[PDB]
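> need a structure here:
(chains A, B, C, D, E, F, G and H, ligands or ions: 8)
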8 protein chains.
Amino acid sequence: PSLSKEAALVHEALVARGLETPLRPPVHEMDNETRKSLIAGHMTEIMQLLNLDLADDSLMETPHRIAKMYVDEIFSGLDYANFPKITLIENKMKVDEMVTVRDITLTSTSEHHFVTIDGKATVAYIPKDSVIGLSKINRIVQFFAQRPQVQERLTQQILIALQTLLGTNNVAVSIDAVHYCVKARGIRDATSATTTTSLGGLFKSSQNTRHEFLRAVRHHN
Amino acid sequence: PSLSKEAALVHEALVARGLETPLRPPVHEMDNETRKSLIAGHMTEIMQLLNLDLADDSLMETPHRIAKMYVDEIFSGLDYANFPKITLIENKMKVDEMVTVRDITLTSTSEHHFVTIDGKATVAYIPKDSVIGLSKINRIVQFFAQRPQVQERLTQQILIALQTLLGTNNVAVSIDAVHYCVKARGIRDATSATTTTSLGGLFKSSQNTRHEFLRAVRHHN
Amino acid sequence: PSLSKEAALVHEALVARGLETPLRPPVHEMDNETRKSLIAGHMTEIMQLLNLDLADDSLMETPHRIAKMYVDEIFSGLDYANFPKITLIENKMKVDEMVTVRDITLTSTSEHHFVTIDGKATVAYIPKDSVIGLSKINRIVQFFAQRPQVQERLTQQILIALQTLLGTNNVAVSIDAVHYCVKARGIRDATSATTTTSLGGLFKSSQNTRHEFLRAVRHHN
Amino acid sequence: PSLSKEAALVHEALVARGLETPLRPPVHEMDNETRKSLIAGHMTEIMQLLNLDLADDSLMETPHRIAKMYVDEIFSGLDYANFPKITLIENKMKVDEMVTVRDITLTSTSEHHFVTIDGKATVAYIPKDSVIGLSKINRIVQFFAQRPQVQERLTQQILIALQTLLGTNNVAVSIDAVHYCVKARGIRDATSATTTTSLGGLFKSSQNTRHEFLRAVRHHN
Amino acid sequence: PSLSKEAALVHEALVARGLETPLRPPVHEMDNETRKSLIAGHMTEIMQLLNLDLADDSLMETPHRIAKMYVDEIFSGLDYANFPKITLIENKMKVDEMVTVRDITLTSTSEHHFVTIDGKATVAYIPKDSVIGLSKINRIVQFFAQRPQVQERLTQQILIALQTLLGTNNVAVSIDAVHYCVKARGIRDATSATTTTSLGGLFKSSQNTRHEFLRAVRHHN
Amino acid sequence: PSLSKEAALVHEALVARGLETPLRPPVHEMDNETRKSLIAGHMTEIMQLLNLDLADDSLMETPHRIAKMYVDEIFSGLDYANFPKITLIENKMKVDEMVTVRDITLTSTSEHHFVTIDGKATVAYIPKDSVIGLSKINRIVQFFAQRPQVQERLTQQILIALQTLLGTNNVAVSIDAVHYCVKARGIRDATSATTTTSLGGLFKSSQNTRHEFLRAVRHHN
Amino acid sequence: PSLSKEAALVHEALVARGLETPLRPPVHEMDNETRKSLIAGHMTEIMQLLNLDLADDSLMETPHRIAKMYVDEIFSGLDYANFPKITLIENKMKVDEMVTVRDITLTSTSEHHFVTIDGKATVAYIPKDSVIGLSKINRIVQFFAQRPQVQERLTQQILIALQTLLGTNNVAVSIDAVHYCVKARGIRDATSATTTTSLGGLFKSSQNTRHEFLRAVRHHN
Amino acid sequence: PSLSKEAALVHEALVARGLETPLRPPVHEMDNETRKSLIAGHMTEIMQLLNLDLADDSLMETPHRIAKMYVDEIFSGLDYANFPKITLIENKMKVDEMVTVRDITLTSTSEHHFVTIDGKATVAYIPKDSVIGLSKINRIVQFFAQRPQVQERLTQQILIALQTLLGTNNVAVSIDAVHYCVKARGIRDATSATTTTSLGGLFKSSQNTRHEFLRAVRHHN
Ligand SMILES: Nc1nc2c(ncn2[C@@H]2O[C@H](COP(=O)(O)OP(=O)(O)OP(=O)(O)O)[C@@H](O)[C@H]2O)c(=O)[nH]1
Ligand SMILES: Nc1nc2c(ncn2[C@@H]2O[C@H](COP(=O)(O)OP(=O)(O)OP(=O)(O)O)[C@@H](O)[C@H]2O)c(=O)[nH]1
Ligand SMILES: Nc1nc2c(ncn2[C@@H]2O[C@H](COP(=O)(O)OP(=O)(O)OP(=O)(O)O)[C@@H](O)[C@H]2O)c(=O)[nH]1
Ligand SMILES: Nc1nc2c(ncn2[C@@H]2O[C@H](COP(=O)(O)OP(=O)(O)OP(=O)(O)O)[C@@H](O)[C@H]2O)c(=O)[nH]1
Ligand SMILES: Nc1nc2c(ncn2[C@@H]2O[C@H](COP(=O)(O)OP(=O)(O)OP(=O)(O)O)[C@@H](O)[C@H]2O)c(=O)[nH]1
Ligand SMILES: Nc1nc2c(ncn2[C@@H]2O[C@H](COP(=O)(O)OP(=O)(O)OP(=O)(O)O)[C@@H](O)[C@H]2O)c(=O)[nH]1
Ligand SMILES: Nc1nc2c(ncn2[C@@H]2O[C@H](COP(=O)(O)OP(=O)(O)OP(=O)(O)O)[C@@H](O)[C@H]2O)c(=O)[nH]1
Ligand SMILES: Nc1nc2c(ncn2[C@@H]2O[C@H](COP(=O)(O)OP(=O)(O)OP(=O)(O)O)[C@@H](O)[C@H]2O)c(=O)[nH]1
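Numbers count the residues shown, from 1 in each chain, chains lettered A, B, ... in the order given. Ligands and ions are numbered 1, 2, ... in the order given. Sure, structure below:
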């Protein structure tokens, strides 16, 4: 009727663990269209406060572009209606070893300064009853990435979403990323990168499994 | 009394050529403090429109951090009071060959989506009466970079600022950058990068000089 | 009233362990202004003893620049009034795995010859009650780096400062650096680099954790 | 009787062109020993002004080490008594093509902040009557490098020193370097590097020769 | 009165273990000057046996250059009068983790063909009562390197010298090198390299420590 | 009857141009066996002068090994009886473009200190009446390399040897090498390398051809 | 009826230019089967002369494998019945710029020692009336590669075959290769590689075109 | 009287373990000269069967070249009269850690198709009573490599040869190689490589030692 069974499931799971992004229920039944126009209005004000000449052919549409970007693009992960369609195939192949999807492109936004987070994620899991379609892992990652994030939370969320959908605790997520709110300003450290990992099931319990995954993490380009 | 002779000079030069960032004069004598609080207010609204729980310990101060960032950090280049102190040494060494400062760290913001532009600039010039202090070239670049930009304009601005301060038309600026408003969203092209160059004096006239510079452009890390 | 609670805490911790930089209390209430002028005075003398023509437009301001650099820049870490503002977010995400910030830019000065130490630090910790703001790790590193150091001590200082602020002994710091007082003169070894690591809590006790961190240390560029 | 014919020649050549380092004649007949003790005295004062505990076993000898380093090591290039012994072999091989010595290690000090300059020089020349001993090129570069420099002047000096000794104007010098007074502090640009070149004779006249040299410049490691 | 305490100690240690370089006591009180002239005499003979025209301006001084090189340069490690001055600082920092100096430039000569051995050493130790000055490790390595060697012995010597000076058995040395008497002639293997390691104390006893070191060995450039 | 026509031709060509290695005719009809024993005798003396214990199982045969190495191996290039067998095939393929053999392994000895020179040569020529067998270029380079050399002369000798054998002046030779008598001792420059080139015929006349060759010079590994 | 029109054309073209592989007409109407058995017979003999135990399970079938390999595989290019099927599409796209197929895998055999030649070819041409199917270029290269070759001839053959088929003289071929009969034995040069190029039409006439191609040659992996 | 004690020992050891190359005793007392002429005869026939014009100046001597190559070069390993001279030095240095010679050039021939095998071997051993001369390891590898091989057997032979000569079972050999009979033809896999390892003594027993060696295996260039 709105949210898919999966979307609902993942959402509840996150809420239960207290890992959901801080959200207040939709204050009023607003069309994304009205929300965008309102956001655009505020951007117009802010741009004017910065003394930008909004009459300039280029600058003129920026409040619109920004409103659209926030609502439809970069923060679309906040709406579970945008949760990807998950397809799982029966594990007839009897795969009992981990499947690793490495170097998943991940672009997020830091909630602290609303500045770009560019990184790559490495997800691995040991198939139980079903094998998830490869692209879905990338889609789920991008879903949670499209929200004002805190890398530490993002990793946790991805882990739970997967554990929930795959029906196994044997999931591990590692994210390596560069925060422009560290690089582009403030301390302006042009070289540092942050790495966060959340291990589930055997990936935490079994040191054998755990290290196999960790060893596999990080691959240049 | 406010702007240094240099700042004034550069500003006028840009205005004269019509290369200045679209700015409307300070509407009213507002303290950066009041501007920030106003910007913060609008951010609070926008964040609320996105349904973010502003009561969350982390999210709570984001409108403040963003306001400060815009005014004091990332868009500080809009205020010529922030123009760097230029120091020039007499060209007693009789340098008659170009001096090239390569891989200058450059972090800017696209004016179209207010999203990160990460790149590197290569500046070169042929000393006439004076030799500019090396760090000043980096400072000037970062100055113009700290504004809502359009790479094509940024390059031009840097070129003119330098030509003005050095007293020679023999200046060349090349900027190679990645736009997150292309990578992180929209067409999401993870590999493309844009390169823009503005050549002045001999760097445009003399094919010999011109190519020497172009050959020198781009160096990994 | 002067030093923040954090600054005070870290300082005391260091003193208690005997890991503080050898300092004599401020002999007399001198303005940094008077200290600088005196330092510059001594530099003038030194430069004269080297037979440098201080009347040269360029050389003329060096004593001033050096005084300023020592007091305000490169040795600012000696004054806890310059300790960074630490911000910690409650560990609601329930992160129980280490967070690693790698390739933190680190530029320090050797106390033995007052010559450049260029390196990179890798800090990792396992969140307990709170998660520290990423940039703060970078800031703290740079703080202790801005002092006449001994790499062996620098590593220890950073370790303790973090353990103190984070409220966990599970912190690990590794610094890889090139000493110009080895490279640029003396034995003039153009290739060697020194690596020092200080491990705390699980990073030292648990060989599993220990090796996970060590394995993660060092990343080119 | 003191300076070698070569040292005298080079010194004069530099003075004639006005390219010598700004030096005041030795004010008084001071032993390097007394100069050092005086320099060490001033360092003791400076360190005390920084509140350093000079009673510390390590810190205790730093003023001595710094005095020795300035006089005997890093600034030894200021004394032509330290000029290298040049050996030239008769060009019987009838070499008429350029000889290029690339990636010559070069460590110098910036005269503006007395901070490290780490770089590499590439020198090339076309043999006329004599061929210089390969290591001598390295020794001459290091000689002029061991002085408070300005890259633009350093390049020039090396060019003239060589033109003088070789008896040909066909000499070219290029230096690519990283200034720690740009990287380690101030604007703290961790990625930029400066490249300066001084071309003599055919290397400037003949575009054919000129480009062959420029093409040959820069080689990683 | 001649050899420093350290030199004497190191020498005795080696002799005791039977790891000293095969040396016969100074047959007669010969000045290095007379030794050099005699060596040069023999070289003159050898060069004449090779039919070289010693009247050639270049060739003429080779016997002198070789004699000086053998006695003063490449084989200077044979005279303990040339042992480096060691400086140790009290381990007040309470460093209990290994300090690793990697990629120490090492150039030696094979005793079998008196041909170049070019390589890099990696030394690591766990501080006990004192911390050695970083450059001293490089100096000790170069000292023993300056002798007609056998890589297997060289590694051993360095290990003992350091254990002796540091007062700890917890020292490890690894040397990776290319032998020109394998590359430049004979089997002419242009790609092979030899790696020898000597482990002491915990580096041998504790597999945990041992592997941490071994893992750390070898770094390109 | 002794020397092949080729050996004789090349030798004469070199002598005519004054590019031969400085050699005195074989003083007396000595067997290489007697020369070797004599050389070994001198090495025994030199080693004794260095206080080496020649009774050591290892050191015991070094004089012999060195004698053999000099006479049979590293300086075998001095005897034209060791000139390679040249094979040329008729240029029926009508090749009128240059053939380039790049990265030819080259190991030589500096005549100034009898120390290793390790480098790589790049030879190219435009076939006229005949095409030389590829390995022969390598063999000729190694021949001349096996002599106490001066890079500048080595390059010239190879050029002439080839022009002579190929019957064309259209030959170009470039050698890039590292001198251990610069690296391993003296100024100890661990990074510099010297490049020398000798161009003949069109490679010197035609800037088109000249630059095509130069462009092709140098290839990593 | 046997050879395709293309095959016949190419063959005749080569014969006309005198660039065909030295072949004597099929002495007698022998089945490849009888030829193979005879070749295998001779190999059996050769292996027995080498004292190999042909009764060994593995060795037993080598003569058969070699015969099949020579006739059917590595020397199949000797039979024009094996010439690839060429497909050309009408140049309706009006392509007037060169099409470059780079890094074409090329494995051939030297006619001098019947040893492996492993390399890569780069072919470029300017479309006139028709555009050739991309894979056809690879197929033609491999065809001529499958014969006992001389790199100088191979390059020529490929050039002509393509000029013939494409109906344009504007074709250029460059082959970079390693000869195991230089590497694996004889002089055993483990690093050298040979590059041969044959330019036709504008690639030879127009220096503009010529250099665009040459610049494009060679790409790692 | 013919074979050295070592050659005899190694040969017997191999035969005893059943690891010798399948050889039939020398059928008749044939001079290598007669074997070569006979081999050449067969090659003449084979070449004629391939329709090659043996009257061609180039092709004319291939039968001879191949015969010489097989007998003297590439298959010389089959004659123990070609076994290298082994020199061992008494392990007075008391080396008790493994010595590893890595990246030993290895060129062999596959016995199945008589096609090139190009690879690199890594040998390591723990000295017992004696230390083998470094080049001897290279020489032994090349010896066994110069035979029609099967990588799996080659590795074993080298292992045994070494264990025998060194008087210890603590030897490990690993070979990584590319088979042109897989690359150049058949399945034509241009990227695969095969790695085979044979471990002896502690390298097999002790997992500690075993993994230290394995970890050390493979180094690019
Ligand atoms: N743990 C964590 N911290 C983050 C993340 N994104 C940003 N931060 C940090 O959260 C903190 C925000 O701190 P504040 O002190 O409130 O803001 P600020 O002073 O403008 O930040 P800085 O100038 O960069 O130190 C900073 O230390 C940020 O770098 C993230 O994903 N995870
Ligand atoms: N042209 C040139 N400039 C140099 C060199 N070394 C340092 N400089 C610059 O010379 C100038 C010194 O400027 P000042 O403004 O007097 O000192 P400063 O303010 O401490 O310098 P910054 O904080 O780095 O901008 C700076 O721009 C230095 O980076 C050099 O070799 N060549
Ligand atoms: N020339 C130029 N274009 C830029 C720069 N920064 C952004 N742009 C582009 O300016 C345009 C904005 O176009 P709009 O069509 O108005 O906005 P948009 O549709 O949201 O943009 P896309 O979804 O990325 O195509 C886009 O094509 C941007 O990628 C810049 O520095 N220079
Ligand atoms: N352990 C340690 N030693 C350092 C550090 N920085 C410098 N050193 C060394 O501390 C020692 C100073 O030794 P001294 O002998 O007192 O001075 P010096 O003789 O001028 O030093 P060298 O000429 O470089 O050997 C040297 O070995 C320095 O390289 C550091 O961070 N840690
Ligand atoms: N273990 C060891 N061997 C070395 C070292 N330097 C040289 N060697 C070897 O010691 C041996 C000398 O052997 P000899 O047979 O006496 O001399 P050689 O025949 O001229 O040597 P090759 O022709 O290279 O095999 C050779 O195997 C050298 O490569 C070293 O540092 N360690
Ligand atoms: N041009 C040239 N010079 C060479 C070559 N090999 C060595 N040399 C140099 O020839 C010169 C010999 O100089 P001397 O001054 O006679 O000997 P030296 O003082 O021991 O040499 P250094 O200590 O290295 O400066 C040195 O500059 C050597 O580095 C070569 O191939 N070509
Ligand atoms: N020009 C050319 N020469 C080749 C080619 N393949 C092999 N050769 C060379 O042709 C020559 C054969 O020379 P020969 O002297 O007849 O045989 P060889 O003595 O066994 O050869 P080497 O021992 O390698 O010098 C050698 O110089 C080979 O390296 C090729 O494609 N082109
Ligand atoms: N294990 C092993 N196999 C090898 C080696 N060299 C070659 N081979 C393989 O031994 C087998 C020979 O197989 P055959 O089927 O008798 O000959 P073939 O059909 O011509 O071989 P392909 O066409 O390459 O599959 C092939 O699979 C070869 O690739 C080696 O060193 N070790």
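> which residues of chain A lie near ligand 1?
A:110, A:112, A:150, A:151, A:152, A:179, A:181, A:182, A:186, A:187 (Cβ under 6 Å from any ligand atom). Where you see a C-beta, it was placed from the backbone N, CA and C, and this is true even at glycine.
> correct me, but residue A:190 touches residue B:106?
No. The criterion here is Cβ atoms under 8 Å, and residue A:190 misses it with residue B:106 at 10.7 Å.
> who's more crowded, these two?
Using other Cβ atoms under 10 Å in any protein chain shown as the criterion, residue A:190 and residue B:106 rank with residue B:106 on top: 25 against 18.
> list the contacts for that one?
Applying Cβ atoms under 8 Å, 6 or more residues apart in numbering or on different chains, we find residue B:106 in contact with B:117, B:118, B:119, B:120, B:121, B:141, B:142, B:145, B:175, B:177.
> between those, which is nearest residue A:18?
Closest approach between these and residue A:18, by Cβ to Cβ: residue B:118, at 34.4 Å.
> helix/strand/coil for that closest one?
strand (DSSP: H, G, I helix; E, B strand; the rest coil).
> alpha carbons of the longest strand seen in chain A, as CSV, please.
What stands out as the longest strand in chain A, according to DSSP state E, is strand A:99-110. Extracted as CSV, the C-alpha positions of strand A:99-110 are listed here (Å, rounded to 0.1, in the frame of the first residue of the first chain):
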residue,chain,number,x,y,z
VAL,A,99,30.3,-13.7,-0.8
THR,A,100,32.1,-10.4,-0.9
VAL,A,101,31.1,-7.3,-2.8
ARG,A,102,34.1,-4.9,-2.6
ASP,A,103,34.6,-1.3,-3.6
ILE,A,104,31.0,-0.3,-3.6
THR,A,105,30.8,3.4,-4.5
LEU,A,106,29.5,5.3,-1.5
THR,A,107,28.7,9.0,-1.5
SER,A,108,27.0,10.4,1.6
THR,A,109,26.6,13.7,3.5
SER,A,110,27.9,14.5,7.0
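> quick one: strands adjacent to that strand?
Counting by DSSP bridges, the strands paired with strand A:99-110 are strand A:116-125 (antiparallel), strand A:148-149 (parallel).
> wondering if it reaches ligand 3 at all.
No. Counting by Cβ under 6 Å from any ligand atom, ligand 3 has no neighbours in strand A:99-110; the shortest distance is 13.4 Å.
> do any residues in stretch A:41-49 lie close to ligand 3?
No. For stretch A:41-49, no contact with ligand 3 is found by Cβ under 6 Å from any ligand atom; the gap never falls below 13.6 Å.
> chain A: helices as residue ranges?
With DSSP state H as the criterion, chain A has helices at A:5-17, A:32-49, A:62-72, A:134-145, A:151-166, A:180-183, A:202-205, A:207-216.
> need the contacts of residue B:106 in JSON lines (columns: neighbour count).
Output for the contacts of residue B:106, formatted as JSON lines (neighbours: other Cβ atoms under 10 Å in any protein chain shown):
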{"residue": "B:117", "neighbour count": "26"}
{"residue": "B:118", "neighbour count": "21"}
{"residue": "B:119", "neighbour count": "21"}
{"residue": "B:120", "neighbour count": "22"}
{"residue": "B:121", "neighbour count": "28"}
{"residue": "B:141", "neighbour count": "30"}
{"residue": "B:142", "neighbour count": "21"}
{"residue": "B:145", "neighbour count": "25"}
{"residue": "B:175", "neighbour count": "26"}
{"residue": "B:177", "neighbour count": "24"}
